[PDB]
């Protein structure tokens, strides 16, 4: 059972959540059930993962079996950037909500700040694989999502993969109704996001750390990529506490008051990943881990660098 980070809406976001990207059908259902049994209440989902219907089945089971109540679950999903045009925001959301079998979402995120060609081709690309842009912007999408909050279909809005420039663009938009409660970004010891975390916290925006384990299974992974789990310096700190490298990697975020969403479909690892509240990384250990910062992204999305609101060009 996790502690919480309080949002600006006063809602309580569990500090450890279950990731579901690449969780296969036929395993994600059992994964969600095992997580809930283990005390997970926060589940991180997305339209683009195309598995929300099976996550929904699992949540529903556990609710109808009285394992958990809905008010105690914290469900997050994301709007894919082929759906920034106003009517499409609603249709995509309704599909997400229907798949999850829920009456509301706790948080709804803009998945990426750059708009892609609108429609149900989720990855419009040219011959060379480069993303094809759409003219609708994240501010267009935001306007549409604010309706969902008005209607109570979504308790809070948030963003993902935003730089501080794009968050400023959002916060400084004349006539804003709702503020983002979180910015979900890649974060781990090779990409410590010190500047972006400092910025977000100063604006009352929490940070959710994705790929906390280095996303070691990701398709675009080349052999020369750094491995956090196998990192001797990470393993050293784990050994000190008789814990795993993964437990250290997760606890690292908890101690910066950053929400973290490790993905697994393996019951043993699902349980392991939330056994992070019976030990404490020392100030020196935290300092050591921070020093590992390489500004290395596992998720670069370079195929879209040519579009307007590419977030990773800026320093933070």
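Numbering follows the first chain given and starts at 1.
If you average the C-alpha B-factors over 146 to 154 and over 181 to 189, the higher value belongs to 146 to 154. Checked against the record, the higher mean CA B factor of 70 to 78 and 123 to 131 lies with 123 to 131. The PDB entry assigns its highest CA temperature factor, among 173, 241, 111, 203, to 173.
In the deposited entry, the Cα temperature factor of residue 291 sits in the top third of values across the chain's modelled residues. In the PDB entry, residue 160 places in the lowest third of its chain by CA B-factor. Per-chain ranking of the deposited C-alpha B factor places residue 247 in the lowest third. Ranked within its chain, residue 261 lands in the lowest third, by CA B factor from the PDB record. In the deposited entry, the Cα temperature factor of residue 166 places it in the middle third of its chain's modelled residues.
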